[PDB]
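Before any questions on binding or motion, here is one chain by itself as structure tokens, the form deposited in one PDB entry.
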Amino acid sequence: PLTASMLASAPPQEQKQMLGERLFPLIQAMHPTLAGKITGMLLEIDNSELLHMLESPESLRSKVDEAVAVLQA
């Protein structure tokens, strides 16, 4: 499980990658087809909220639902 401390201690060039690797499987469970896109959309959020999402399923959902509204016609 990823921690702020773990995140803060990693070289910045890798932080988003670390978050993406953790977020993507969770996002793909909700949406196999829109997963790359949703994940890319979400990595745009500031890291510290991303961590809160990894840690609250409900936060991740609400963020995903709202990513999907961006994607729709």
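One-based numbering along the sequence shown. Just so we're on the same page, rigid core means the largest C-alpha set that superposes within 1.5 Å between forms. Only residues modelled in both forms are compared.
For the segment pair 6-14 and 46-54, the entry gives 6-14 the higher mean B-factor, averaged over Cα atoms. Residue 29: CA B factor lies in the middle third for its chain, per the PDB record.
What follows is about the form solved in complex with a partner chain, which we do not show.
Using a 4.5 Å cutoff between non-hydrogen atoms, residue 13 counts as a contact of the partner chain in the deposited bound form. Taking the partner from the other structure, the partner chain in the deposited bound form has no heavy atom within 4.5 Å of any heavy atom of residue 57. Segment displaced between this form and the one not shown is 11-13 alone (run of at least 3 consecutive residues, each Cα moved 2 Å or more after rigid core superposition).
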